[PDB]
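# Summary of the model geometry
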Amino acid sequence: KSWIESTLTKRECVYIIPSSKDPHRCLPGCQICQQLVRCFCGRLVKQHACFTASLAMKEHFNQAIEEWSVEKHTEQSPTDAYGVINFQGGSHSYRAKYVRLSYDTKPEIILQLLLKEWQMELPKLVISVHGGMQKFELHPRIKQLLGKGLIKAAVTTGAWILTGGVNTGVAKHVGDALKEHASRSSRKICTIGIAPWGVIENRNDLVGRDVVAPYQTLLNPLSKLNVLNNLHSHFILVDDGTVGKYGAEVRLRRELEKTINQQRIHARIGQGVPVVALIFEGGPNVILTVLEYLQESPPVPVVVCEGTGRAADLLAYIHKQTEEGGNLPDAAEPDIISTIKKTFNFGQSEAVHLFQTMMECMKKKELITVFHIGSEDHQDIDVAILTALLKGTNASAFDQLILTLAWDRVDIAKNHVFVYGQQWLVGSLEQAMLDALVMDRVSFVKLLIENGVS
């Protein structure tokens, strides 16, 4: 009778079409074995709950009727997996909420899952951390900088950190940041992990309506699948019926970022909630993700952290050696590709196609912000995340002060908005103090009095 029980759905295979070889027909092929078939469902037979598991399961060799779809061969039914993921380990008991969500869930129902059911406050910033998905490592000089810098931007602003949530990617290094640093105001940080329901180790230990589910974080059963992270506060487990596959999380994460960007950041303030991307290691698929962010509808600025590994060093290596309009000086094109040959070993064709993807990223160089870790003076990633939202978007100078006014952060406004050259018009500074008085932003009233407001 609750809201989650009446609205959200789970998905399961009902129409077994195997991916295997028959001894003669329609059925086994290791031995008889009575188990070892492999549906496009992804599970096997005897896993399809009690019914839809029988003989005459779909020369022929399971072809021409294959046509597998999670749209045309899957059954919707209400969710049986919401509650609490009290983690057994790491003496501070970390409570975390979760739900099993369908991939076809409407993007506004997901928003009233977060803002109404889970009673989360509307964020003032959304940080989407992308990068590696293969348990990479970090230089400890880099890790103590990115840890201190990411968590500062989520406390000073009221921010949501969207990770993959699973402990075999960049969600671990966000989780290590939440451990090694401030746990006093970390109750105010919402770190949402949007993962598939086919990757998680102990899914069957998360089954049940509202409950405190005991859940491991260790003991590593050959690491064939992956496990949830301890230091995420909320999990959105995306189900598309299948088991052991990746991909259902991708559209539901991005359409969440669109609808939060559509929401209004404050009652007085008339702007959308800003969304920023963060790129730790990479992979060949992250270069497509960066290019996707730059070209949709007014774009998501990306923040690339060099030194952190594989593809983020490539986007920094291009950003260094190009023209402001994104033009290599016609003599470095083999010099670029041979670096891609070493990092991403595909060879001579797909590295060329990956170079054409990076050249499309360099047309919009005003939206990409590289962070040079410790060899810099423009340090403190906290600044570099927030200043990426001001430059590149081509907003008004009034609109940059007002965005920093909501964040209650004056160091961004005093050093970057109030710079020489900014042409303030008549009623912009006067209306900004009217917002600064009502919102009880005392340090902005001090800043605008020192800039010409009576």
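About the thresholds
- Residues numbered from 1 in each chain as written, not as in the entry; some residues may be left out.
- Heavy atoms only, no water.
- Residues with missing side-chain atoms left out of burial classes, pairs and counts.
- Buried < 20%, exposed > 50% of the residue type's maximum accessible area, 1.4 Å probe, protein only.
- Helix = DSSP H or I, 4+ residues; strand = E, 2+ residues; numbered from the N terminus.
- Arc of directions from axis to C-beta.
- Contact = heavy atoms within 4.5 Å.
- 1 Å grid on protein atoms, 1.4 Å probe; cavity = no way out; pocket = protein on both sides within 12 Å on 5 of 7 lines; lining within 4 Å.
- Points joined across faces, edges and corners; volume = space filled by probe spheres on them.
- Nonpolar A, V, L, I, M, F, W, Y, C, P; charged D, E, K, R; others polar.
- Pairing = 2+ DSSP bridges.
- Salt bridge = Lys/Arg side-chain N within 4 Å of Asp/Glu carboxyl O.
- Axes fitted to C-alpha atoms, helices over the stretch in contact; angles between N-to-C directions.
- Parallel < 35°, antiparallel > 145°, perpendicular 65-115°, else oblique.
- Disulfide = S-S within 2.5 Å.
- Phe/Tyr/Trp six-rings, centres within 6.5 Å; stacked < 30°, edge-to-face > 60°.
- Core = buried A, V, L, I, M, F, W, Y, C linked by side-chain atoms within 4.5 Å.

Header annotation of the entry names cryo-EM as the structure determination method and lists the resolution as 2.62 Å.

## Describing helix α14 (residues 442-449)
All buried positions along α14 are accounted for by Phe444, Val445, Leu447 and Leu448. Across the axial projection of α14, the buried residues extend over an arc of 160°, all falling on one side. Exposed and oriented more than 90 degrees from the buried face of α14 are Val442, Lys446 and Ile449. In the core, the buried residues of α14 are packed alongside α11 (397-407), α12 (410-417) and α13 (428-438).

## Details of empty space enclosed by the protein
Space inside the second largest cavity adds up to approximately 50 Å³. Forming the walls of the second largest cavity are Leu138, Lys143, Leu146, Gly147, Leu150, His173, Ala177 and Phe280. Here the residues of the lining of the second largest cavity are counted per class, giving five nonpolar, two polar and one charged.

## Notes on the sheet that holds strand β6 (residues 159-163)
One open sheet accounts for nine strands, arranged β3-β4-β8-β7-β6-β5-β9-β10-β11; its pairing is mixed. Of all the strands in the sheet, the pair left with one neighbour each is β3 (83-84) and β11 (368-371). Judged from the five bridges that link them, strand β5 (residues 125-130) and strand β9 (residues 275-279) form a sheet pairing that is parallel. What sits directly across from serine 128, in β9, is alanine 277.

## Focus: the environment of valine 212
By the secondary structure assignment, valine 212 is in the loop between β7 (190-196) and β8 (234-239). As for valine 212 and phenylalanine 87, which are separated by 125 residues in sequence, their C-alpha atoms are 9.6 Å apart.

## Remarks on the pattern of salt bridges
Counting across every chain of the model gives 15 salt bridges. The partner of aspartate 80 in a salt bridge is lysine 10, and the shortest N-O contact between them spans 2.7 Å. Two residues, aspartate 435 and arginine 268, come together in a salt bridge whose shortest N-O distance is 2.7 Å. Residue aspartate 435 is located in helix α13, and its partner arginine 268 is located in the loop between α5 (249-262) and β9; the two are separated by 167 residues in the primary sequence. When its relative accessible area of 39% is taken as the criterion, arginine 268 is described as partly exposed.

## Here we look at the pairing of β8
With six of its six residues buried, β8 lies for the most part within the structure. Neither face of β8 is exposed, since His234, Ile236 and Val238 on one face and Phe235, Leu237 and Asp239 on the opposite face are all buried. Two elements, strand β4 (residues 97-102) and β8, share six bridges in a ladder whose sense is parallel. The partner of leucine 101 across the bridge, within β8, is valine 238. When β7 meets β8, the two strands line up parallel, connected through five bridges. Bridge pairing in β8 links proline 196 to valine 238.

## Examining the packing of helix α3 (residues 140-156) against helix α4 (residues 171-180)
Where α3 contacts α4, the axes come no closer than 9 Å and their chain directions differ by 80°. Taken together, the axes of α3 and α4 are roughly perpendicular relative to one another. Residues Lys143, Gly147, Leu150 and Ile151 of α3 pack against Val174, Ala177, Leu178 and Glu180 of α4. For the contact of α3 with α4, a count of residues per class yields five nonpolar, one polar and two charged.

## What to know about the state of the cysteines
Scanning the entire structure with this criterion turns up three disulfides. Free of any disulfide, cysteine 50 has its nearest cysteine sulfur in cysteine 13, 14 Å distant. On the basis of relative accessibility, which here comes to 71%, the residue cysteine 50 falls in the exposed class.

## Some words on the packing of aromatic side chains
Throughout the structure, instances matching the rule amount to four aromatic pairs. Taking the centre distance of 6.5 Å and the plane angle of 70° together, the rings of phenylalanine 87 and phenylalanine 235 count as edge-to-face. Here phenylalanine 87 is found in the loop between β3 and β4, whereas its partner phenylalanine 235 is found in strand β8, with 148 residues between them in sequence. Accessibility classification places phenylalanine 87 together with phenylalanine 235 in one group, the buried group.

## What to know about the layout of surface pockets
Considered as a void within the structure, the largest pocket measures approximately 1,000 Å³ in volume. The set of elements that each furnish at least two residues to the lining of the largest pocket consists of α3, β6, α4 and β7. Of the residues that constitute the lining of the largest pocket, the class distribution is 14 nonpolar, 13 polar and seven charged. Of the pockets and cavities examined, the second largest pocket occupies roughly 770 Å³. Lining the second largest pocket are 32 residues, with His130, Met133, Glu249, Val250 and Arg253 sitting closest to its centre. Elements with a contribution of two residues or more to the lining of the second largest pocket: β5, α5 and α6 (286-294).

## Some remarks on the nonpolar core
Core analysis: the largest hydrophobic core is formed by 118 residues, its most contacted members being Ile127, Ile236, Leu278 and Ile340. With sequence-adjacent residues up to four places away left out, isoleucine 340 is seen in contact with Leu314, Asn345, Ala351, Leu354, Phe355 and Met358. Listed in part, the 17 residues of the second largest apolar core include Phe87, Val166, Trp197 and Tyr215.

## Let's talk about the packing of helix α2 (residues 107-117) against α5
Helix packing geometry: the angle between the two helix axes and the distance between the axes. For the pair α2 and α5, the least separation of the axes is 9 Å and the interaxial angle reads 75°. What the angle tells us is that α2 and α5 run roughly perpendicular. From α2, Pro107, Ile110, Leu111 and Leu114 reach across to α5, where they touch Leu252, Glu255, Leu256, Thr259 and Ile260. Split into classes, the residues belonging to the contact of α2 with α5 amount to seven nonpolar, one polar and one charged.

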